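So the structure is just underneath, and the comments pick up after that.
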Amino acid sequence: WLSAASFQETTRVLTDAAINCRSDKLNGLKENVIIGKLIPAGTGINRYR
Amino acid sequence: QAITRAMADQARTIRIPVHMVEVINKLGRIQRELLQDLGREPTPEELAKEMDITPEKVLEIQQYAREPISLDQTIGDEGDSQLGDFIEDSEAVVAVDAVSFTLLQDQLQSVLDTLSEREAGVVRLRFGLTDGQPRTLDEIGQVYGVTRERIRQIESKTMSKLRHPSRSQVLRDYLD
Amino acid sequence: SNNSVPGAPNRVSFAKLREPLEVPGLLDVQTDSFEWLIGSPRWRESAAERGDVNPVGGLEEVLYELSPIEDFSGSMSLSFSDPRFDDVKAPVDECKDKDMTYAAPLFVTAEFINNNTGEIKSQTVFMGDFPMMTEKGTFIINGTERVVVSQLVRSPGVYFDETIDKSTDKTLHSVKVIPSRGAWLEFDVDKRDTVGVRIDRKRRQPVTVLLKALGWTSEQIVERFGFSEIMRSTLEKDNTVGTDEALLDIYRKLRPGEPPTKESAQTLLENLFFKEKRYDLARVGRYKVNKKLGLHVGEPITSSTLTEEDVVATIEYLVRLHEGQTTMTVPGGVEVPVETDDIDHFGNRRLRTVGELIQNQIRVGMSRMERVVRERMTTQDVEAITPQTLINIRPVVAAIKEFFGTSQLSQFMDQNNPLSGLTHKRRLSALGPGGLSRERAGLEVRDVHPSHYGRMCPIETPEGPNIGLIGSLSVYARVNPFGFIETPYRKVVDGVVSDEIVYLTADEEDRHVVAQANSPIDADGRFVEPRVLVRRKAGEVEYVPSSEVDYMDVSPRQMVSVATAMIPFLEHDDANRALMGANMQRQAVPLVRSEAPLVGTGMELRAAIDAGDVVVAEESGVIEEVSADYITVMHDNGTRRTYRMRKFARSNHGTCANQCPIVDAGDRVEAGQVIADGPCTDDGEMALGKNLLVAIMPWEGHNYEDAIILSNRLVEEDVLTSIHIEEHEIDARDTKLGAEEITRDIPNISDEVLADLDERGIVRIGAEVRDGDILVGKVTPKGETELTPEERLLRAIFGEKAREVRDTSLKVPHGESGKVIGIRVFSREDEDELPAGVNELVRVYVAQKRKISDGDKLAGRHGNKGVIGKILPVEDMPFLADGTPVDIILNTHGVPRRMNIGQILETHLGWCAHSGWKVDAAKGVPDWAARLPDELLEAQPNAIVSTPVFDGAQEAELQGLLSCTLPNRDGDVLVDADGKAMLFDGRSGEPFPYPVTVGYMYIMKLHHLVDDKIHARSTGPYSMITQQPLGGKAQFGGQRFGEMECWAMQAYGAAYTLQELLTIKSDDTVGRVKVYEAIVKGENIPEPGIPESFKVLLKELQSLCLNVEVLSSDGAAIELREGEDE
Amino acid sequence: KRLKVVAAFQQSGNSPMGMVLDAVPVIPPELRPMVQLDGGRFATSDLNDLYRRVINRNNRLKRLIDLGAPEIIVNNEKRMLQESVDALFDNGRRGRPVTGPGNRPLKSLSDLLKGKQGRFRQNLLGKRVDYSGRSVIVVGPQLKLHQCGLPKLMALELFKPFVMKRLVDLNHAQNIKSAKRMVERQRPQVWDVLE
Amino acid sequence: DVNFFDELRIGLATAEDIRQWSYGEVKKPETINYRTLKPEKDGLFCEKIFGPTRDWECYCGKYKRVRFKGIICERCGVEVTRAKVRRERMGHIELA
DNA sequence: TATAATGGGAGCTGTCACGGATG
DNA sequence: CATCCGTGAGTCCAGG
Ligand SMILES: [Zn+2]
């Protein structure tokens, strides 16, 4: 929902997500940039990290 | 009566008491009475004498009458620029200034050393480094295991011992 | 000669003789408007000469619409008349200086009429201080010079549109009636052949429903609209019949929720469309509807309202246009052309000038005080009522103050150079209240319309997202009393051009046929060929017999604007670069001293004079005394008028408005002549730049991709050097800890840093300042918070007691530097009236003598821009055989691509004008120079000339003049008939293999100089909420690493870089501090923390009843440096 | 479509009661800050006038209820409270937006997240960075492909705490505080240091 | 304050949840004082609820030193922590 | 805070292209 | 397959 909310139609996204009680596993590019975690790509992946 | 009362009471984003509102409405009244009388807006000096005879307060009142502006309000030409994006957080911490403080801690640590354990004792006592509080000196010597206020005696045994890291000028830099 | 009218330098013009009419007073767009508002003498006379029957001023108009003001009883009656002004409360200069508003107080005569008592109390009321416009056509609001831009809006009236149906593919016709203010009303035709109407965007109903609501019989419907089957199909499909049932029907669809009385449905139908209170077509609104329908066409403008006759004649216009009819006579009205209207046509698009813009705002203020009036009438008793008791002008002063302060049309006067200001007064914006938005505007509003010809330039417009929404008014154009744009045309009787000139509006020119200006004319006045070039409605062109020519254009340069006409060989440059070339001249910076361009268009003269930033003599006379400070002129009648010179003054844009005297003492001078010119003005001509010796060649890559190479001569001779003044402010307020005091005693600062101050704490005049240095020493009392136990200890050792005053000094901003050229001190003590709370207020003015440097943006008049790449030593510069080093090395590559070979042609004519020339008259006058005017057959070195747009030099003559080029002092010709010349590489010494095109080109220094544009920041101030850095150079903020930029990081896979920028470099409160420590201690960079922005987000989600929790791998909600409690 | 909603309230023990509020959360102050400017005038965030609106009407409801006012009066108050809380949560959503001074629609809570300027796309997907700068560019035919010409002035502010480090290193400045003053005064030394 | 948390959950917030968050009910529409320019009590900026204006400085002034940490002054009920908490402390209004 | 007074007032105008709910 | 409301409509800089 984090990726979706910061994409478009944020009010739509949040209402739904809060109703479906959707948990978000912060495992994505958009998802990670927001919280300030190393992006799961490039030098971010555990393989190189 | 309920309107004008509740109006004066609720309308101001920053509340002013009833009388203060009564004043500003008298001030606006006497202004419009002098307005048609002098073919020009009347000087603060002119307004003062007629109603309250004090000029300093009229300057003050006219600022109380001033209505605030929204942070969220923008500049007409470009729809992106909002006022709040131009307000420097006077609160937040300067990087260098806070760091320089920390380097001042590294110099007083090189001061707790050349000083004795008795000497670095009263230092952190009345100035309150670890404490955060400056205890009254007639309590400091009694709370300390050494009496005859020998802790004030060790104080002067320190004041000149502090001249040496002061003659090293390593503390001289952090005052200017 | 071109303009042999003022006393101006002789600029010889290639031309066809242009004697129709001189360029009209350019500032008249601003001038004449405001004169109408106040009803000045010159206006009433101009109303007489134009033959305007019973002229009514803008202010007079407002009062008559208003008057009289009565209550529901009719018992009371308040009415206003005879508005008049005093003398201005303070002269212009003093206003700019003391940040007050240039105004002259307004008065009116008001009488309180009573019908019961019969008595009338009549007195004069104060209305407020009224903003007056300067001679320069500007306003002065709080010491800043401002300009009211003319708003392009949609004219009121009834408009017809043809829309094609997607499904049925049949022609459907729509109408829309647009009031100056009020309720909407549109009649549209279905694909079902049934006419419908939408009122204020309510749902569609049959149109017959409205007719039986008006009172018209169901038989009259059959009579008036029977000639069509689509109306017969409408009255047939008509739901209900009956006058009562119609009104009820309309009522029930208009306002649901309310009880339908037969008396409440009859009432609002009158009120929504036929009363002066809720509905109003303006003078234009009435006039434009009438013309479109052709009724009461001759009768004067008295009706301010829509009528039944208008409603009917509208539906009649709709049906006839639907079934193919082309013309129609309204019963009781003259014949009218029937077609679909173009909303963008300048006959339907209205230019509302300053006067009306100010007027409308006045009308807003009046209706507000009228409300208080009617409230102050029912309160006070009948006997004790005076107009002084009814009237509160506070909402009137508040509505005129607000307009100048807030509106998108009260603008900071674009003041780089005089032209820039001049064009600013003649902008035509479509933006603003009552106009349209930038996102609302499609592609039709912006592109060039046929009706713009001679009214609005097609070249001048911004490059940005504002393109086509802002334009400049054409040269010879003017505004008619109804807010449309007229244009001068020459009258042709029968094939014979007459000097009689008539101005035509847009739609009026459509009903005629115009010949292009350059069509050949007999010495008497007759055309040469029967068929000539002819302009016709809808921008269509065809050859037409001379019998049928009605009018002809005044000048070839009639379509262009003031700026566009200053672009030599304009017809040689594609609109794209030409556009920039006009936009950019207004960006030119005034140089230390200025040269008139070797090549010109003639416009350079009139533009500078009209600009108002030069000094013109009012009455003829002789210079009785001249100084750098002022000029005094002894008139013939004996009187003396002294003109004070503006000397080193800061413009709005920090450029240098400095005026110097032209005339020498004892010079005999006539009126209207330029006696002293200002910035970018040489001998009374627009000197936007310098004349530079150009060379068209790639030069060792330093001019690649439009960069520019300069001779160090331009730096050593200040040729491209300007002055730039900045203004710095600081005040001393009353605080809660005392008051700020400006003093030369600043905590913990040596007597070295303070060395350049005076005893007060202010810097001394003439001193030099760098960034960081102190301008005004101000200290404030700091809050008595417990000082550090670690600094307490540091104050016992050195025994120095701390001061309660923190340094709040005004230091010089980064980048700025120069000489302190003036101090302005205001005190509350010396009775200088300050805002409440302030004590001493200081301004410190610093001037910079900025020589041109790398990165400075240079441009020519042809959209050929570019920043300075390299400035070589004067010896490195490719030079001509006689040793002369060129000035500027342009890249050949970037010329043919831009279609702007005007820069080339100028370079040729530039050289011919530098060297001089002489046509060969032996064996007669050559066939190429046959058309060339006698005056140019022989030309001196450094001679000035004119190439008026759509006239001037032709490529033949230019080729010819290149052969005529006079030899230099050594008797050798320098360039050839090709226009090129041989160069010697000042670096290698060897000559360049191929001849290089050399010549002189006029170059301007645009206001995009690196000294302004450069910026960088380590740490600095931070956002109050998001805790990110602030933004902009003015705030010492950081750059933005946007959404797009992050993508660039991710694509690379530079995860650590990207993170670091979004974390410890941005809004990690604790991180940035510890990164600083790590750097200065020389350790390693720490692991970034949590973005404070993200924290804010979760609080913004929470506050919206969104229970957001961050869970660790187990499933428990963790804390975010915070806790939960109730 | 109906099940897509109802099934969601079923699954997780996520009560549908929450759609009706008995209490409305109040966002922290520093996130709706109120600031005095140098002009003495105060600049506040919109949310405070929206919050002020809900409280003033919610309290008026308490007085009306207590006073035993007729249903016609009380109900009206409740209706207003609804629009008060609604315009707070999402302004303009239902009906015409609440205007401040200048017929200006007030930013609501949800307005802080919406679209471009919102908290998501403007402040999280892209931020402003320290240690950065901007200037005009110029061709540099001399340079090698891996080089760029960084202005002497630009570098000094970019490497500002980096230069201060080596100033107190090589003893040009006695401490970190003086090192700063050396850079801001642009003393001749730093040009050697920064190199 | 470790950086690695596995999931971020969002749900519809209970009326009770609203109260568990809030360190107090705002009961007055008032913001600050017109003279003292201080956050008026039980208001929209009340220091009892959202925290102190200045670091470790209680409202009524009975406590002004760093020495008192986590102390709740009895004269005006203002916990002594940094104003840094005024960015994190929630409020709530109790609709009748 | 006791003469009697009893239902509001500005609208806002020149998009554009699309999906989803309704026809 | 065609209507009514709600949501989208490049980036960075600049200024008042
Ligand atoms: Zn307390």
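So the protein lines, in turn, are chains E, H, D, G and U.
Once you know that position 6 of the first sequence is 1225 in the UniProt record's numbering, the rest is easy, because the numbers rise by one and skip nothing.
Once you know that position 137 of the second sequence is 489 in the UniProt record's numbering, the rest is easy, because the numbers rise by one and skip nothing.
Once you know that position 107 of the third sequence is 134 in the UniProt record's numbering, the rest is easy, because the numbers rise by one and skip nothing.
Once you know that position 24 of the fourth sequence is 317 in the UniProt record's numbering, the rest is easy, because the numbers rise by one and skip nothing.
Once you know that position 71 of the fifth sequence is 73 in the UniProt record's numbering, the rest is easy, because the numbers rise by one and skip nothing.
Positions of the beta carbon are idealized from the N, C-alpha and C atoms, including for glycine.
query: From which residue to which residue does the beta strand (DSSP E) around residue 363 (chain G) run?
result: From DSSP, residue 363 (chain G) is part of no beta strand (DSSP E); its letter is neither H nor E.
field: Residue(s) in a DSSP beta bridge with residue 168 (chain D)
entry: DSSP output for residue 168 (chain D) lists D:171 as bridge partner(s).
query: Using the beta-carbon of each residue, which ones in chain G are nearer than 8 angstroms to residue 1238 (chain E)?
result: By Cβ distance, chain G contributes 298, 301, 302, 307.
task: State buried or exposed for residue 371 (chain H), treating a residue as buried only when at least 16 other CB atoms are found within 10 Å of its CB.
output: Label assigned to residue 371 (chain H): exposed.
- prompt: Expressed to the nearest angstrom, what Euclidean distance is found between the alpha-carbon atoms of residue 330 (chain G) and residue 442 (chain H)?
  reply: Rounded to whole angstroms, residue 330 (chain G) to residue 442 (chain H) spans 11 angstroms at the Cα level.
query: For chain G, is any of its Cβ atoms less than 9 angstroms away from the one on residue 365 (chain H)?
result: Among the CB atoms of chain G, one or more fall inside 9 angstroms of the CB of residue 365 (chain H).
task: To the nearest angstrom, report how far apart residue 343 (chain D) and residue 311 (chain G) are at their CA atoms.
output: Answer to the nearest angstrom: the Cα atoms are 60 angstroms apart.
message: If we define contact as Cβ-Cβ less than 9 angstroms, is residue 1258 (chain E) a contact residue for chain G?
response: Using a Cβ-Cβ cut-off of 9 angstroms, residue 1258 (chain E) does not count as an interface residue toward chain G, since no Cβ of chain G sits closer than that to its own.
message: Closer than 5 angstroms between the C-beta and any heavy atom of ligand 1: which residues qualify, listed along the chain?
response: Having a Cβ closer than 5 angstroms to some heavy atom of ligand 1 are U:60, U:62, U:64, U:75, U:77, U:78.
field: Segments of 4+ residues assigned as alpha helix (DSSP H) that fall wholly inside the segment 140-217 of chain D
entry: Taking 4 residues as the minimum length, the segment 140-217 of chain D contains no alpha helix (DSSP H) run wholly inside it.
query: Under 8 angstroms Cβ-Cβ, which residues of chain G neighbour residue 1225 (chain E)?
result: Within chain G, the C-beta atoms nearer than 8 angstroms to that of residue 1225 (chain E) come from 413, 414, 417, 418, in chain order.
message: Helix, strand or coil, according to DSSP, for residue 879 (chain D) in the structure here?
response: Three-state result, residue 879 (chain D): coil.
Chain U residues whose Cβ lies nearer than 7 angstroms to that of residue 323 (chain G): Residues of chain U whose Cβ lies closer than 7 angstroms to the Cβ of residue 323 (chain G) are, in chain order, 88, 89.
message: Distance check for residue 489 (chain H) and residue 462 (chain G), CA to CA, integer angstroms please.
response: Distance from the CA atom of residue 462 (chain G) to the CA atom of residue 489 (chain H), rounded to whole angstroms, is 41 angstroms.
- prompt: Mapping DSSP to helix, strand and coil, what is residue 394 (chain H)?
  reply: Secondary structure of residue 394 (chain H) (DSSP, three-state): coil.
message: Can you tell me whether residue 48 (chain U) is buried or exposed? The criterion is at least 16 other CB atoms within 10 Å of its CB, across all chains shown.
response: Buried, by the Cβ-count rule.
task: Would you tell me roughly how many angstroms separate the C-alpha atoms of residue 195 (chain D) and residue 415 (chain G), rounded to the nearest one?
output: Spanning the two alpha carbons is a distance of roughly 46 angstroms.
query: If the cut is a Cβ gap below 8 angstroms, which residues of chain E does residue 8 (chain U) touch?
result: Correct list: 1244, 1245.
field: Cross-chain neighbours of residue 1093 (chain D) in chain H, by beta carbon under 9 angstroms
entry: Chain H residues near residue 1093 (chain D): none, gap ~13 angstroms exceeds 9 angstroms.
field: 9 angstroms Cβ cutoff, residue 419 (chain H) in contact with chain G
entry: Chain G contact via Cβ: present.
- prompt: With DSSP run on the structure shown, which of helix, strand or coil describes residue 424 (chain H)?
  reply: Taken through DSSP and simplified to helix, strand or coil, residue 424 (chain H) comes out as coil.
Candidates D:275, D:247, D:219: closest to residue 261 (chain D) by CA position: Of the candidates D:275, D:247, D:219, the one whose C-alpha sits nearest the C-alpha of residue 261 (chain D) is D:219.
- request: Taking only the alpha-carbon atoms, compute the straight-line gap between residue 445 (chain G) and residue 484 (chain G) and give it to the nearest angstrom.
  value: The alpha-carbon of residue 445 (chain G) is positioned some 8 angstroms away from that of residue 484 (chain G).
- prompt: Is residue 752 (chain D) helix, strand or coil by DSSP?
  reply: Per DSSP, reduced to three states, the secondary structure at residue 752 (chain D) is strand.
- prompt: Which class does residue 1062 (chain D) belong to by DSSP, given the choice of helix, strand or coil?
  reply: Correct three-state label for residue 1062 (chain D): coil.
- request: Determine the direct distance from the alpha carbon of residue 166 (chain D) to that of residue 386 (chain D), and round the result to whole angstroms.
  value: In a straight line, the C-alpha of residue 386 (chain D) is about 15 angstroms away from that of residue 166 (chain D).
query: Alpha carbon to alpha carbon, what distance is there between residue 58 (chain D) and residue 1121 (chain D)?
result: If I take the Cα positions, the gap works out to 56 angstroms.
- request: Could you tell me how far apart the beta carbons of residue 349 (chain G) and residue 31 (chain U) are, in whole angstroms, since I believe they sit closer than 8 angstroms?
  value: About 5 angstroms separates the beta carbon of residue 349 (chain G) from that of residue 31 (chain U), a gap short enough to meet the 8 angstroms contact definition.
- prompt: Starting from residue 516 (chain D) and walking both ways along the beta strand (DSSP E), at which residues does that stretch end?
  reply: Membership of residue 516 (chain D) in the beta strand (DSSP E) is indicated by the continuous run 512-519.
task: Sort D:384, D:1001, D:1026 by Cα distance to residue 176 (chain D) and report the nearest one.
output: Minimum Cα distance to residue 176 (chain D) is reached at D:384.
- prompt: If we count Cβ pairs, one from each stretch, closer than 8 angstroms, do we get three or more for the segment 727-737 of chain D versus the segment 893-906 of chain D?
  reply: Touching, per the Cβ criterion.
field: Under 7 angstroms by beta carbon: chain G residues contacting residue 13 (chain U)
entry: Within chain G, the residues near residue 13 (chain U) are 307.
task: Give the residues of chain G in contact with residue 21 (chain U), contact being defined as C-beta atoms less than 8 angstroms apart.
output: In chain order: 316.
- prompt: Among the residues of its own chain, which have a CB less than 6 angstroms from the CB of residue 723 (chain D), if the five just before and after it don't count?
  reply: Non-local C-beta neighbours of residue 723 (chain D) in its own chain, meaning closer than 6 angstroms and more than five positions away in sequence, comprise 917, 919, 1024, ordered along the chain.
query: Taking Cβ positions only, does residue 451 (chain G) come closer than 9 angstroms to chain D?
result: By this cut-off, residue 451 (chain G) is an interface position.
message: For residue 1127 (chain D), count the other beta carbons within 10 Å of its own beta carbon; 16 or more makes it buried, fewer makes it exposed. Which is it?
response: Residue 1127 (chain D) should be labelled buried.
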